[PDB]
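Atoms within a ligand are numbered from 1 in the order they appear, just like the ligands themselves. Quick note: numbers below take in every heavy atom, side chains included, and nothing from hydrogens, waters or symmetry partners. Chain identifiers are assigned alphabetically (A, B, ...) following the order of the sequence lines, protein sequences preceding nucleic acid strands; residue numbering begins at 1 within each chain.
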Amino acid sequence: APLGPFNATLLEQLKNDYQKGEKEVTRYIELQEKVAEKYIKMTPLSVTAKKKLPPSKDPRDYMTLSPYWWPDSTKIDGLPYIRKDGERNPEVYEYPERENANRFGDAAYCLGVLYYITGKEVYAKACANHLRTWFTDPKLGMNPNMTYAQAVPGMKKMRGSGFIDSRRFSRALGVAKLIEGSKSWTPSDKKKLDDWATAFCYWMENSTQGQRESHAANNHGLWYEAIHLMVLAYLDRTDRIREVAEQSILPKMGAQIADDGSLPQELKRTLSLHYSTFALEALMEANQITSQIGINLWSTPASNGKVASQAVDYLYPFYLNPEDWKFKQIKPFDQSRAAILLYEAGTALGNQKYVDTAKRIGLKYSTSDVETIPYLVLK
Amino acid sequence: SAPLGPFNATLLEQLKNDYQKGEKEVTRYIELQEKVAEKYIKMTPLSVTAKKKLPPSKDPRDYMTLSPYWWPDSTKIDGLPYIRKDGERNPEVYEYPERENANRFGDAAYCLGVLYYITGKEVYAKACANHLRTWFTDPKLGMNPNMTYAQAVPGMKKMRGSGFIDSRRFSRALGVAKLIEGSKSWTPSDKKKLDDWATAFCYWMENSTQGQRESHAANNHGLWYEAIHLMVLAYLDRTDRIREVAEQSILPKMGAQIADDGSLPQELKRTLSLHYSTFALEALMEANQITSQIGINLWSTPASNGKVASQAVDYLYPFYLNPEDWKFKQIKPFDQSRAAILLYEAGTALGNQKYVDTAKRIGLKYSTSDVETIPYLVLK
Ligand SMILES: O=C(O)[C@@H]1O[C@@H](O[C@H]2[C@H](O)[C@H](O)[C@H](O[C@H]3[C@H](O)[C@H](O)[C@H](O[C@H]4[C@H](O)[C@H](O)[C@H](O)O[C@H]4C(=O)O)O[C@H]3C(=O)O)O[C@H]2C(=O)O)[C@@H](O)[C@@H](O)[C@@H]1O
Ligand SMILES: O=C(O)[C@@H]1O[C@@H](O[C@H]2[C@H](O)[C@H](O)[C@H](O[C@H]3[C@H](O)[C@H](O)[C@H](O[C@H]4[C@H](O)[C@H](O)[C@H](O)O[C@H]4C(=O)O)O[C@H]3C(=O)O)O[C@H]2C(=O)O)[C@@H](O)[C@@H](O)[C@@H]1O
């Protein structure tokens with residue numbers, strides 16, 4: 001499989017078995033095709049489909065509201081907003097790109113994978129429609145930046161915390177590699193997309209906000225690097241992947257994993273079992289890329305000897321029994337997120353206790369969650 | 001004496017008195033409220049018709065929302081039929097503009113209606129009336145007098161009436177419309193049209209299959225149904241019906257829902273049981289604001305099975321002091337502030353000074369812009 005943001009081992013195996021005619025996978029892939037049909041009929045989304053404009057007055061600028069920041073009732077205009085960690089302000093849904101980057105990202109990702117597996121041009125044609133409109137179109141494509149992501153009304157300074165929104169459309173960026181070579185993805189489509197990705201990469205690395213986010217001390221810094229690897233893997237910059245893992249990702253695990261394997265930065269959140277998992281999910285998606293060039297982030301130590309497997313170890317008992325979690329978790333923790341996480345980390349580590357638990361937790365065979373497409377092995 | 005309506009008439013009367021006499025504490029406070037009210041004067045009137053996705057009638061004047069706990073089923077190709085995840089609000093609810101729009105309308109009109117009553121400034125009635133006409137009676141923008149498509153569920157075959165509970169967001173604004181009666185802005189024609197709307201909405205709620213079902217409900221829906229029923233009935237001046245609904249419906253329903261220890265078993269089986277216990281009593285609290293203005297005290301009047309609503313406050317009072325001691329399922333944190341208005345209302349009604357003191361101790365923020373707190377200077 002081409003370098004991209006997915007378990008390439010599971011993807012190749014599915015492509016093999018579908019091409020060999022194996023009945024189980026063929027049944028499973030045909031189910032996926034029935035699910036994928038809405039993405040073929042779906043109209044391409046754009047970040048420009050919004051009424052309230054960013055300070056730039058450019059509808060091509062991505063803007064969302066930071067989810068935990070609420071109008072302050074004791075102020076006449078409600079400004080400046082105030083933070084309530086863990087409580088999502090429904091005002092976020094007044095920004096169309098919040099949900100639309102998920103919908104677009106889901107649409108293009110599923111179509112791109114099904115194209116890789118089946119070789120059917122109808123899926124590349126659909127994926128390319130979504131990729132053109134979201135990214136590169138001279139009127140509908142988003143500008144390559146995240147200046148106004150997770151804005152906070154009344155905040156004086158500019159922050160880089162919104163960059164984490166980028167994960168919703170950056171996985172679709174990588175999956176564009178899978179439709180290269182289809183008749184629908186022309187040389188011109190690739191060059192424009194390459195050019196956008198290069199420009200988005202520059203912004204990530206050189207803007208003040210991108211820089212700040214690259215230094216974040218919690219799961220934001222990890223997710224920044226996972227997004228970075230998707231952009232770099234798309235651009236086929238393998239040495240930069242190697243440098244990012246050794247000079248940024250591993251120091252970050254080494255600093256954020258404590259001697260007992262907990263993640264202290266996530267423990268102090270109101271959703272500490274969710275955010276502990278969310279940090280490891282950054283590592284999981286980064287590792288899907290690093291391991292394709294021979295770097296295993298689960299077992300490779302940071303310079304102080306810490307290994308990300310220690311963090312899974314710490315959480316594994318609570319994945320068996322979430323009610324035992326002793327830190328603040330003001331909403332129920334969805335145990336299903338542990339399945340893919342424990343399967344990814346289990347196989348990387350040869351830890352069958354982890355792999356066994358992933359299958360027991362399992363995923364619903366017929367679910368349409370697109371991130372679960374590769375994991376027949378769990379279904 | 002304040003017109004009959006959905007508010008603590010004692011507090012409102014007190015505020016108007018002190019404001020007119022010129023007392024400083026009240027005049028300063030009303031001057032804060034007038035500053036908060038200024039956005040509602042500039043605010044453009046909302047209409048339920050401002051939606052892209054239409055209801056099965058293809059009529060945009062029909063109110064429609066999604067039942068907040070029903071999610072697409074991922075294991076089905078179309079997601080249908082939706083499945084319930086109690087307590088977890090599906091963000092799809094926000095694709096129905098009237099969900100939040102009825103809140104914005106109701107706050108704006110209530111605040112304007114109260115401020116006109118307290119201060120007598122015509123600019124408040126004129127703004128209130130603009131919102132009332134546009135939401136209720138306007139022949140193009142006014143909502144149809146029904147709640148057929150409230151909290152619909154995609155793929156569900158039966159028709160449900162549980163969505164009727166949404167009516168509380170605009171029905172208090174209906175009640176406050178009485179306060180601007182007599183202004184120059186609220187003409188006889190405005191009042192007649194609104195009377196006709198309210199009469200027709202009352203007919204719908206009492207005779208439609210969904211209204212009948214909802215009137216029979218055994219949990220907080222039945223209480224909220226009757227609390228809403230009272231606001232429409234009080235708006236219409238049918239005081240004999242208010243007596244009958246209080247006597248034959250709210251109290252029997254209240255008594256059947258209170259257990260021997262004072263707990264509310266119907267709310268205890270919910271994933272947000274301390275929220276839903278409080279939500280049940282808030283229905284009675286708001287209905288009592290109407291019944292007690294005609295001499296029926298729902299906090300202290302026992303039902304015929306012997307249960308009395310003060311028993312349910314007793315069961316919940318300790319957990320209002322210390323919400324973390326709550327032993328039943330509560331999958332989101334409980335807002336202790338909701339206890340402030342609740343305990344003062346039931347406290348003053350019951351002569352329970354321990355309840356009134358805790359209300360003031362928990363309190364409300366003096367400068368808050370939450371419109372439901374306008375009458376409660378005493379808590380600020
Ligand atoms: O998009 C979502 O809705 C949501 O995203 C994921 O959670 C994200 C949030 O989007 C949000 O960015 C939040 O950021 C937190 C976080 O703690 C962050 O480090 C920063 O903290 C600030 C803050 O002012 C603190 O008071 C402190 O001083 O630290 C600051 C700092 O600079 O570090 O900002 C806050 C905030 O703005 O509330 O949490 C994010 C995260 O931690 O990943 C996630 O829940 C995802 O599942 C969901 O989809
Ligand atoms: O709009 C909000 O977000 C929210 O509204 C208030 O909560 C309401 C909900 O809007 C919703 O209607 C929910 O209703 C429950 C409830 O349990 C109800 O009685 C009925 O339950 C049915 C259902 O079929 C059950 O599965 C069971 O068999 O019992 C039935 C019964 O009739 O008893 O409908 C369900 C449902 O469909 O989810 O809860 C409401 C409530 O309890 O009042 C409220 O939380 C408010 O603060 C908030 O604004």
Side-chain angles (χ1 to χ4, degrees), chain A residues 64-70 81-90 92-93 95 98-99 101-102 149-152 155 157 159-168 212-213 215-224 263 265-266 268-272 274-279 281-282 331 334 337, chain B residues 65-71 82-91 93-94 96 99-100 102-103 150-153 156 158 160-166 168-169 213-214 216-225 266-267 269-273 275-280 282-283 332 335 338:
Chain A
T64 57
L65 161 74
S66 185
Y68 298 147
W69 292 81
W70 296 72
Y81 274 30
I82 52 166
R83 186 182 173 253
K84 296 151 100 197
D85 179 35
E87 313 181 36
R88 190 183 331 274
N89 174 355
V92 291
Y93 302 104
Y95 302 80
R98 183 206 159 85
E99 287 317 316
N102 264 332
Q150 300 195 20
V152 171
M155 189 166 250
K157 70 208 58 179
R159 287 145 60 259
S161 315
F163 185 75
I164 207 168
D165 283 12
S166 299
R167 71 185 187 289
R168 295 181 189 127
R212 289 186 183 154
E213 192 73 341
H215 293 134
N218 59 335
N219 67 262
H220 273 262
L222 301 179
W223 271 108
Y224 170 102
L263 301 154
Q265 288 293 113
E266 315 310 334
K268 81 184 72 181
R269 302 292 293 282
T270 68
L271 299 162
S272 62
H274 160 81
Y275 276 131
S276 286
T277 304
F278 193 59
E281 268 156 346
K331 278 167 53 194
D334 179 3
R337 272 144 36 98
Chain B
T65 54
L66 160 71
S67 184
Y69 299 149
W70 293 82
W71 298 71
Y82 276 30
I83 55 164
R84 187 182 177 253
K85 291 166 178 281
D86 180 40
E88 312 180 33
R89 190 164 29 244
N90 174 358
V93 287
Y94 299 107
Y96 302 72
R99 182 206 160 85
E100 286 313 319
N103 265 328
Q151 301 195 21
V153 173
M156 215 183 48
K158 77 132 59 180
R160 193 61 186 110
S162 313
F164 185 76
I165 211 163
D166 286 12
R168 74 188 188 288
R169 293 179 184 128
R213 289 187 181 154
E214 190 76 342
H216 300 140
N219 58 331
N220 68 263
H221 276 260
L223 304 178
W224 272 109
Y225 172 100
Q266 296 299 294
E267 316 308 332
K269 41 178 118 181
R270 303 294 290 278
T271 70
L272 296 162
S273 65
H275 159 79
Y276 276 129
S277 284
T278 303
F279 194 58
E282 269 160 347
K332 283 170 58 194
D335 173 1
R338 280 170 116 98

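- Taking a distance limit of 4.0 Å, we find that atom 47 (O) of ligand 2 is approached by some protein heavy atom.
- With atom 10 (O) of ligand 2 as the reference point, the heavy atom nearest to it among B:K85, B:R89, B:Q151 is part of B:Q151.
- For the ligand labelled ligand 1, residue A:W223 lies outside the 4.0 Å heavy-atom shell.
- For A:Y93, the ring pair (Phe, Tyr, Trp, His ring centres under 6.0 Å) criterion is met by B:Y94, not counting sequence neighbours.
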Passes side chain to side chain donor-acceptor pair (under 3.5 Å), A:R337 versus A:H274? Steps please.
-> CA-CA 9 Å; A:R337 272 144 36 98; A:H274 160 81; 2.8 Å; yes
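- Looking at atom 6 (C) of ligand 1, its nearest protein heavy atom turns out to be A:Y275 OH, 3.6 Å.
- Nearest non-hydrogen protein atom to atom 20 (C) of ligand 1 is A:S161 OG, 4.1 Å.
- Atom 16 (C) of ligand 1 has A:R269 NH1, 3.6 Å as its closest protein atom, hydrogens excluded (heavy atom only).
- At a 4.0 Å heavy-atom cut-off, ligand 1 touches A:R167 through the side chain alone.
- Within a 4.0 Å radius of atom 35 (C) of ligand 1, the protein contributes one or more non-hydrogen atoms.
- Applying the 4.0 Å criterion to heavy atoms of B:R169 picks out, from ligand 2, the atoms 1 (O), 2 (C), 49 (O).
- Atom numbering of ligand 2 starts at 1 in the shown order; those under 4.0 Å from a heavy atom of B:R99 are 1 (O), 2 (C), 3 (O).
- Of all atoms in ligand 1, listed by their number and element, those nearer than 4.0 Å to a heavy atom of A:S66 are 37 (O).
- Scanning the protein for heavy atoms near atom 23 (C) of ligand 2, the closest one is B:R84 NE, 4.6 Å.
- Proximity to A:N219 (heavy-atom distance under 4.0 Å) selects the following atoms of ligand 1: 41 (C), 42 (O), 43 (O).
- Residue B:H216 qualifies as enclosed at atom NE2: its count of foreign heavy atoms under 6.0 Å is above 12.
- When heavy-atom distances to ligand 1 are checked against a 4.0 Å cut-off, A:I164 comes that close only through its side chain, counted from C-beta outward.
- The distance from ligand 2 to the heavy atoms of B:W70 drops below 4.0 Å at these ligand atoms: 36 (C), 37 (O), 38 (O).
- Nearest-residue assignment for atom 32 (O) of ligand 2 (options B:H221, B:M156, B:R160, B:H275; heavy-atom criterion): B:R160.
- Close approach to A:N218 involves these atoms of ligand 1, each under 4.0 Å from a residue heavy atom: 19 (O).
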